[PDB]
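Shown below is the structure under consideration.
Basis for what follows: all heavy atoms, side chains included, without hydrogens, waters or symmetry-related copies. We number each residue from 1, following the sequence as shown.
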Amino acid sequence: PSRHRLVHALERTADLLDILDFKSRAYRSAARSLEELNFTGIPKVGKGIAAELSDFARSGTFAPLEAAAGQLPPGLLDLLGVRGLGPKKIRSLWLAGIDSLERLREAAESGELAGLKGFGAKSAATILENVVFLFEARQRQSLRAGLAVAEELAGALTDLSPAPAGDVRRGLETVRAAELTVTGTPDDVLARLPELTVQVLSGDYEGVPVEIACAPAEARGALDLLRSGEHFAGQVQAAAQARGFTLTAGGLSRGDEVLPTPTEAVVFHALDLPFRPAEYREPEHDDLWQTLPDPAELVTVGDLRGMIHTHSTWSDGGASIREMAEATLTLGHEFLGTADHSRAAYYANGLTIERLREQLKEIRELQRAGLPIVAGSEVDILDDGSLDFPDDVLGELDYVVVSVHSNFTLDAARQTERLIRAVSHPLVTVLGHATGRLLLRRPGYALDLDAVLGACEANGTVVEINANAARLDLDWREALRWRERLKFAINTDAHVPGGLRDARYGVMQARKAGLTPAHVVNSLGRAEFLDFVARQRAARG
Ligand SMILES: [Hg+2]
Ligand SMILES: [Zn+2]
Ligand SMILES: [Zn+2]
Ligand SMILES: [Zn+2]
Ligand SMILES: [Zn+2]
């Protein structure tokens, strides 16, 4: 209600638009007018600002900020929660390739943060402190933070033969702790990591909970099975007892017998069991996993020739198209897929039709210069199911991604009809992050996924497995159920060059679903890709 509160929301919207001038200025000026006032009458508050305020008074929720929550990248929404980061700093972090809490934490660690204009050693440590607060708040950590921390601590435990364990090892979209496995004694570990406390050892590394379990070389194999873990651990112990063995972190035994257990494989042999890959040790796999491909057949980051659905400076990215293309090449991939937002995504600097035409001219130039690029767009799905760009405009593109970035509160039946309509379009090639979920922030919108996926199958539209650690959507559980009926795309949705290294998280999800390079369009070379979508479009109408 407070009028001073309205001024703040108006002032926070201009700051958000500043991050990525005809409404940033419009919102900033409307804030300065509401200042000196002891909405339809107020100065400088056009039809726009007036209407939303009344709704803010009513609803108790400022519309423009809700729109932005749905349009902005997950990592940016995070940085906006780091106490002490102003608009100008968040913008310079973005342009510097720092796009997430985890990546910010690493930048602080390495001196990279301090090396930026406006940051020094001191502010870089204050920011690291403030990021530690965000992490300790969360009950569970993102796969990115947990995996990064486990990888870093392994670095200090090199001669103890470190290995990721538990949740990070099998790619849980969300993670209880940075879990590591190690051979040696709690003193060996305590000598390289004095911080920890012996309970296994546990502790807290920069807000991220840590657990390190150790064992003698001869028990390591059993320790690795048990720390996989919880659901599977119970399974494998049940299996052991049912056969006269006792499985413990201390090793595999049989009455008097103590069988040497150096490797997981050895334990399976001893119980006369088929080896069960860590990728398949979730509950949902219990009755399915022997139907799925051998790990050596599953997709890998190296199988991703085409890196599609990426963002640039044209939209709400932090790098030019050239920097991104160069980046995908030095990471070992073949070509880059452009895909900036459209018109409707206002708070994400979406492209008007005219600006899109300008982007296409630039892409043609980069191609002349020998850069492997395919031009696309992430077209917003309007609330009725129609697309943000006209058909003739969509026709200029090499490929089209469709996505929801607005109206997350439509009823289930309206939302389902909306997405079925969009994935049924003749020109659509990929459905972006189907569910709109953001791990640790907001659940996805209410819809009937099976109906929507069915519509994808019927139109041969490929469904995206968004590799961004805050999305990991389509969920691997739904991909597992539909692996026979859909083609998938493992897309990073990179808003920054380093974002292309997220592919590794999408791949971990794809492998649990049992996907091979043949299930994933990204495995096609550039020319193979361009006629896949030509065939895809020919197969309809
Ligand atoms: Hg130990
Ligand atoms: Zn974006
Ligand atoms: Zn044509
Ligand atoms: Zn998107
Ligand atoms: Zn996107």
Side-chain angles (χ1 to χ4, degrees), residues 70 308-309 337 339 341-342 344-345 376-391 393-395 397-438 443-467 471-491 493 506 509-510 513-515 518-522 524 529 532-541:
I308 68 177
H309 188 193
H341 308 272
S342 47
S377 171
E378 189 181 358
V379 181
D380 210 314
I381 302 170
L382 309 180
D383 62 331
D384 62 19
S386 65
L387 270 27
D388 196 25
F389 283 141
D391 284 8
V393 172
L394 298 180
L397 298 166
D398 299 330
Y399 80 113
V400 181
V401 178
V402 302
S403 297
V404 183
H405 282 294
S406 66
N407 287 100
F408 283 60
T409 44
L410 267 49
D411 43 300
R414 256 266 261 150
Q415 193 79 261
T416 297
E417 183 183 317
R418 170 191 202 186
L419 277 140
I420 289 177
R421 164 106 129 104
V423 297
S424 289
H425 192 284
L427 294 187
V428 174
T429 140
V430 187
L431 167 64
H433 43 76
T435 276
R437 137 225 264 201
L438 287 186
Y445 34 71
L447 86 174
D448 178 17
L449 227 215
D450 279 6
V452 177
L453 292 188
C456 287
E457 180 187 26
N459 204 41
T461 140
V462 5
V463 40
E464 166 174 284
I465 296 175
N466 197 294
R471 292 181 185 281
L472 304 186
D473 169 26
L474 191 69
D475 192 56
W476 68 264
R477 286 158 195 86
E478 298 297 350
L480 180 59
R481 286 176 66 239
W482 283 84
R483 42 162 268 141
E484 307 275 41
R485 306 214 271 155
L486 304 166
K487 283 205 84 305
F488 302 87
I490 307 174
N491 301 347
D493 202 353
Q509 311 309 298
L515 300 190
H519 286 97
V520 177
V521 297
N522 306 76
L524 299 180
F529 176 72
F532 164 92
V533 2
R535 215 309 201 176
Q536 176 192 57
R537 294 178 177 193
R540 34 212 204 194

Next item on the list: Find out whether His433 and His405 are in side-chain contact, i.e. whether some heavy atom of one side chain is under 4.5 Å from a heavy atom of the other.
Entry: yes
Check: Would you find a donor on one side and an acceptor on the other, under 3.5 Å apart, between the side chain of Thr416 and the backbone of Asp448?
Finding: yes
Check: Any donor and acceptor pair, going by atom type alone, linking the side chain of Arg471 with main-chain N or O of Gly436 inside 3.5 Å?
Finding: no
Next item on the list: Kindly compute the distance separating CZ (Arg418) from CG (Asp384), expressed to the nearest 0.5 Å.
Entry: 8.5 Å
Notebook entry, point to check: Are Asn491 and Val430 side-chain neighbours, meaning at least one heavy-atom pair lies under 4.5 Å?
Noted result: yes
Margin query: If I compare all heavy atoms of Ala434 with all of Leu449, which pair ends up nearest, and what's the gap?
Written below: CB-CD2, 4.3 Å
Check: Closest heavy-atom contact between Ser386 and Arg421?
Finding: CB-NH2, 3.9 Å
Notebook entry, point to check: Do you know the tightest heavy-atom contact between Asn466 and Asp493?
Noted result: ND2-OD2, 3.2 Å
Margin query: Using the salt bridge (charged side-chain N to carboxylate O under 4.0 Å, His left out) criterion, which residues pair with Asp398? Sequence neighbours excluded.
Written below: none
Check: Where do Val521 and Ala489 come nearest, in terms of heavy atoms and distance?
Finding: CG2-CB, 3.7 Å
Margin query: I need the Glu478 CD to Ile465 CD1 distance, nearest 0.5 Å.
Written below: 11.5 Å
Next item on the list: In sequence, state the C-alpha distance, the side-chain angles, and the governing distance for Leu486 and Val462, and then conclude on side-chain contact (heavy atoms from CB on, under 4.5 Å).
Entry: CA-CA 7 Å; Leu486 304 166; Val462 5; over 6 Å; no
Check: From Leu515 CG over to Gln509 CD, what is the distance, rounded to the nearest 0.5 angstrom?
Finding: 11.0 Å
Check: How long is the gap from NZ on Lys487 to CG on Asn522, to the nearest 0.5 Å?
Finding: 8.0 Å
Margin query: Go through it in stages, so that I can follow the logic: the residues are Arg414 and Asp383, the test is side-chain contact (heavy atoms from CB on, under 4.5 Å), and I'd like the CA-CA distance, side-chain angles, deciding distance and then a yes or no.
Written below: CA-CA 9 Å; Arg414 256 266 261 150; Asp383 62 331; 4.0 Å; yes
Next item on the list: Could you tell me which non-hydrogen atom of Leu387 sits nearest to which non-hydrogen atom of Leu382, and how far apart they are?
Entry: O-CD1, 4.0 Å
Next item on the list: Under the side-chain contact (heavy atoms from CB on, under 4.5 Å) rule, what do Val400 and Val379 come out as? Steps first, then yes or no, please.
Entry: CA-CA 7 Å; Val400 181; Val379 181; 3.7 Å; yes
Notebook entry, point to check: How long is the span from the CG atom in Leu447 to the CG atom in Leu453, to the nearest 0.5 Å?
Noted result: 8.5 Å
Item checked: Approximate separation, where rounding is to 0.5 Å, of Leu474 CG and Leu431 CG -> 8.5 Å
Check: So, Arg485 side chain and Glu457 main chain: donor-acceptor pair closer than 3.5 Å or not?
Finding: no
Notebook entry, point to check: Relative to each other, are the rings of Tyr399 and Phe529 parallel, tilted or perpendicular (30° and 60° limits)?
Noted result: perpendicular
Checklist line | Contacts of type salt bridge (charged side-chain N to carboxylate O under 4.0 Å, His left out), residue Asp473, not counting sequence neighbours | finding: none
Margin query: Would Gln536 and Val533 count as a side-chain contact (heavy atoms from CB on, under 4.5 Å) here? Give the steps.
Written below: CA-CA 5 Å; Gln536 176 192 57; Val533 2; 4.1 Å; yes
Next item on the list: Go through the side-chain N and O atoms of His425 and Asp391 and say whether any donor and acceptor fall under 3.5 Å apart.
Entry: yes
Item checked: Shortest non-hydrogen contact between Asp388 and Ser342, atoms and distance -> OD2-OG, 2.8 Å
Item checked: salt bridge (charged side-chain N to carboxylate O under 4.0 Å, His left out) against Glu417, all qualifying residues, sequence neighbours excluded -> none
